[PDB]
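Working notes, structure below.
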Amino acid sequence: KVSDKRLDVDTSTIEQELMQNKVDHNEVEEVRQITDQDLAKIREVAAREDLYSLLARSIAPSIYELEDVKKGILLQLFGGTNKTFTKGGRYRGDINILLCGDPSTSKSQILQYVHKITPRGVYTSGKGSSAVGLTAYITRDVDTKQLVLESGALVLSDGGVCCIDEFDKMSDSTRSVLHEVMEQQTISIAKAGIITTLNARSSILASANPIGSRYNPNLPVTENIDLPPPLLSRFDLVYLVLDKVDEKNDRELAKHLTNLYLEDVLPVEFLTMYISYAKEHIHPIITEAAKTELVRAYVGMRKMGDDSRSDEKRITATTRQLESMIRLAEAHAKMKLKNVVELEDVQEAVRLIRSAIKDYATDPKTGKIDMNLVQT
DNA sequence: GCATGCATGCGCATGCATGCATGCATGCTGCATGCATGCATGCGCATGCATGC
């Protein structure tokens with residue numbers, strides 16, 4: 001139940017299976033062994049000055065793309081801190097990302113690469129899924145000829161990543177089931193034979209196609225994506241991938257691609273090992289200096305566009321954005337092996353949230369993007 | 001161009017013509033008993049012949 005090239009399962013979800021294995025004396029090993037030379041290497045690299053760039057660079061070493069896009073995948077892999085209350089009530093740290101933008105980009109490869117690095121996952125198309133196919137169903141076993149219950153797409157993705165491609169092409173009936181999985185990370189089934197609540201602790205990675213040929217900078221974002229504006233606010237990060245014609249970016253991309261048809265970064269093994277180590281041992285906790293900045297940032301974000309709320313030009317800010325900042329600060333702290341979330345983490349989180357939506361080039365009144373200011 | 005109702009396939013649940021073994025009981029039938037009958041047998045007695053005297 002291990003592989004060098006894939007990540008280790010989340011121990012936060014299998015606590016009692018570990019206890020049962022010891023009571024049953026089965027030596028099936030779930031997590032991998034770490035020698036001390038390799039653990040010394042871990043801190044030797046974790047001390048490096050350019051850790052953040054190096055990690056972002058080694059995520060997908062064959063996708064010439066902005067490092068902001070890759071950093072989101074890197075922080076999605078680490079995940080937020082899972083918190084358990086002793087009076088019932090669970091808070092989880094799963095990150096949800098949307099990749100909107102023109103076609104003819106490398107969004108598709110990101111989803112495939114993330115499918116193949118995460119231990120548990122399922123790949124779904126837009127107009128190829130049903131509610132029954134995502135939740136559960138009853139089937140006839142050709143061996144015993146009786147009726148048994150079988151798991152669905154989202155329940156099989158418990159403690160992993162689920163990749164939904166062409167999210168905008170999906171029916172309102174099928175989009176209905178995702179609300180509960182994005183709110184409470186559960187599913188409630190009341191069908192003939194089963195009345196129970198299931199655990200779906202999964203990360204959502206979705207890509208959407210813009211209306212018409214290309215993204216139109218002259219129109220607002222709410223008019224370019226066929227998705228209700230209220231649904232757009234449930235995602236932690238929204239990535240606008242825009243295409244601009246610029247001669248030195250094109251030159252670099254062409255050389256990059258042609259170099260692959262001939263005959264520093266961290267190899268796959270070391271990357272996965274580092275991520276598993278961090279996800280396994282350390283646990284970050286927030287401080288007051290971070291709380292001040294979090295509250296200030298949320299108030300500042302809400303105060304913006306207070307007048308531009310009746311008209312759906314920009315995406316209105318809600319409490320889920322506050323929770324997104326919390327989650328991203330905790331993930332950035334987990335990277336670099338700290339147990340303390342300082343002010344740098346919150347500043348980086350807010351920087352990333354604004355940079356994803358391209359808020360450094362938007363007219364706050366007409367929701368339009370100046371492409372002369374969108375630099376590669 | 002937007003809103004609407006119809007007809008087209010999914011996705012459940014139930015009934016239904018085929019088909020074959022098992023335990024109980026039916027229904028016949030081969031077997032054992034009893035008996036009538038008529039032909040042959042194993043027998044002792046009376047007659048007629050042959051052999052002395």
Side-chain angles (χ1 to χ4, degrees), chain A residues 98 100-103 108 111 115 120-158 160-202 204-235 238 240 242 308-316 363 365-369:
Chain A
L98 179 59
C100 301
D102 311 309
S108 319
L111 270 66
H115 183 217
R120 301 164 65 93
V122 172
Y123 192 104
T124 71
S125 47
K127 188 68 73 65
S129 300
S130 48
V132 175
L134 287 177
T135 292
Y137 45 85
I138 292 168
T139 187
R140 182 141 270 147
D141 195 12
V142 66
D143 292 6
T144 73
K145 300 169 172 62
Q146 313 286 302
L147 291 171
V148 298
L149 285 153
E150 202 158 11
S151 295
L154 288 172
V155 175
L156 287 163
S157 297
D158 182 294
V161 175
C162 190
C163 303
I164 311 175
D165 203 357
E166 272 198 318
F167 191 43
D168 55 300
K169 299 298 293 295
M170 192 164 86
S171 59
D172 307 356
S173 301
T174 317
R175 275 204 285 93
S176 182
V177 303
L178 290 169
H179 288 175
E180 205 189 0
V181 169
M182 294 182 286
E183 300 271 334
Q184 304 146 25
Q185 279 96 357
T186 63
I187 293 171
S188 309
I189 308 181
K191 276 170 160 56
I194 184 170
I195 300 177
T196 191
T197 187
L198 301 165
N199 275 355
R201 298 166 269 194
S202 72
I204 306 294
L205 188 56
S207 66
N209 189 359
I211 288 162
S213 62
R214 276 143 66 255
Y215 194 96
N216 203 353
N218 309 304
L219 293 168
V221 72
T222 51
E223 271 167 29
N224 274 315
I225 314 298
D226 181 71
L227 276 163
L231 186 61
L232 270 54
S233 57
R234 298 281 76 76
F235 287 106
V238 180
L240 284 167
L242 299 165
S308 305
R309 302 305 195 198
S310 302
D311 294 13
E312 294 293 328
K313 299 291 180 68
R314 70 190 307 93
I315 302 171
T316 297
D363 189 26
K365 306 166 302 180
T366 39
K368 299 192 196 189
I369 289 168

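Note on naming: letters A, B, ... go to the chains in the order of the sequence lines (proteins, then strands), and numbering restarts at 1 for each one.
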Salt bridge (charged side-chain N to carboxylate O under 4.0 Å, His left out) with A/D172: which residues, sequence neighbours excluded? A/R175

Which atom pairs, one a donor and one an acceptor, fall under 3.5 Å between side chains of residues 225-235 of chain A and the rest of the protein, sequence neighbours left out?
unit_1	atom_1	unit_2	atom_2	d
A/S233	OG	A/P230	O	2.8

What is the distance from CD of A/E150 to P of B/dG11, rounded to the nearest Å? 14 Å

How many Å lie between CG on A/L134 and P on B/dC10, as a whole number? 18 Å

Rounded to whole Å, how long is the line connecting atom CZ of A/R140 with atom P of B/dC12? 13 Å

Where is the tightest heavy-atom contact between A/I187 and A/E180, given as atom of each residue plus distance? CA-OE1, 3.6 Å

With both pairing distances under 3.5 angstrom for Watson-Crick or G-U wobble, and | for a partner in another strand, the correct string for DNA chain B is .....................................................

Grab the CG-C1' distance between A/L147 and B/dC12 for me, whole Å please. 11 Å

Tell me, which pairs form a side chain to side chain donor-acceptor pair (under 3.5 Å) where one or both residues lie in residues 204-214 of chain A, sequence neighbours left out? A/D165-A/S207

By side chain to side chain contact (heavy atoms under 4.5 Å, CB included) - contacts of A/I195 (at least two apart): none

Rounding to an integer number of Å, can you tell me how far A/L149 CG sits from B/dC12 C1'? 14 Å

For A/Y137 and B/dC12, give me the distance from atom OH to atom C1', rounded to whole Å. 16 Å

Tell me, please, which residues at least two apart from A/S151 pass side chain to side chain donor-acceptor pair (under 3.5 Å). none

